[PDB]
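Below you'll find only one chain, the form deposited in one PDB entry, shown as structure tokens.
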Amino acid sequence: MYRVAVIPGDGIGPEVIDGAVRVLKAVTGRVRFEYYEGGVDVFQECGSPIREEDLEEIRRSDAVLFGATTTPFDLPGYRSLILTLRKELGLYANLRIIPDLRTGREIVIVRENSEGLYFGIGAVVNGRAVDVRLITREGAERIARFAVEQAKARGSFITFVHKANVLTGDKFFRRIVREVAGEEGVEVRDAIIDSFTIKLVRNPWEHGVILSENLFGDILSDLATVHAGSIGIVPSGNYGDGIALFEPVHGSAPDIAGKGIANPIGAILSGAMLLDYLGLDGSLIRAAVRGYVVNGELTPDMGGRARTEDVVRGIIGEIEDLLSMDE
């Protein structure tokens, strides 16, 4: 069996993960699920958002499925669970796919996930606060390679988004992205981070594989979300050399926690990207979701009246029906 660590988190985390696990169970019986706590509770109790011993099982698992975690601003010494797991497990590539769920058109974003303004060199001293945006040859290269494989796989091009005009690290990063895309015969279109925000809302579907630095990607990927109607249908993968973690792009949504209305599609489609990572199909889940939305009542964030459970059952329904054409 494939062993998959599951980390529901908190807020709506549990609800949408329950959704995504049940859908996985409905397409494959080849995966064992092991549940771990994580978040402020774990921190309050142990000093870390994840326990050391759990982190050691987690890192030896085949893949991780992650819900969402509340990172409270006013809790000293506390670091985000997802940011922590990203660095601990070596997850340098973040891939976010925003779908127009009717047409099947996609915005594809590759966010560098290990460095940039997330590298973590910051300090205050004598009324001077500083954060170091670090781009590194190995970091630029590996994420460039990752982005070219996504380009190749789609017969498409790379839109590298930057502020190389102002940021010496983006000048460096651009160079490297262009070399590897050269080595591999992939086209690289320039885009500048400020004007690209306009192109992204007005002409979403024409940019191929978007690649950018960590924080830039964080920003762009939330913006791209407007073209899917809700952030809560968007999935992601966080990939490293020996493992990967899958989570919906959305967050804790603590205000609607436990009310039965959260959108599970983000988690579910993240479950799909997980099956792909293991070499199971995922296509079935994607087809099932697409199949369901043609006439299914959706969640309130999408404008519908449906409960979380109606969507979950609805999609499982499509999956059971889909099973019988391995053919």
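Under this definition, the rigid core comprises the largest set of C-alpha atoms superposing within 1.5 Å between the forms. Numbering starts at 1 and runs along the sequence shown.
Not on display, but discussed next: the form deposited in another entry.
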Shift test between this form and the one not shown (rigid core reference, C-alpha, 2 Å or more cutoff) over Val249, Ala151, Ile98, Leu245 hits only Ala151
Quick one: once the rigid core is lined up, does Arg79 have its C-alpha move by 2 Å or more between this form and the one not shown? no
So, superposing on the core, is the move of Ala228 at the CA at least 2 angstroms between this form and the one not shown? no
Has the Cα of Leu89 moved 2 Å or more between this form and the one not shown, judged after a core fit? no
Might you say whether the CA atoms of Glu88 and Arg133 end up closer or farther apart in the other entry than in this form? Their distance differs by 3 Å or more. farther
A 3 angstroms or greater change in CA distance between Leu275 and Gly155 is reported in the other entry. Closer or farther than in this form? closer
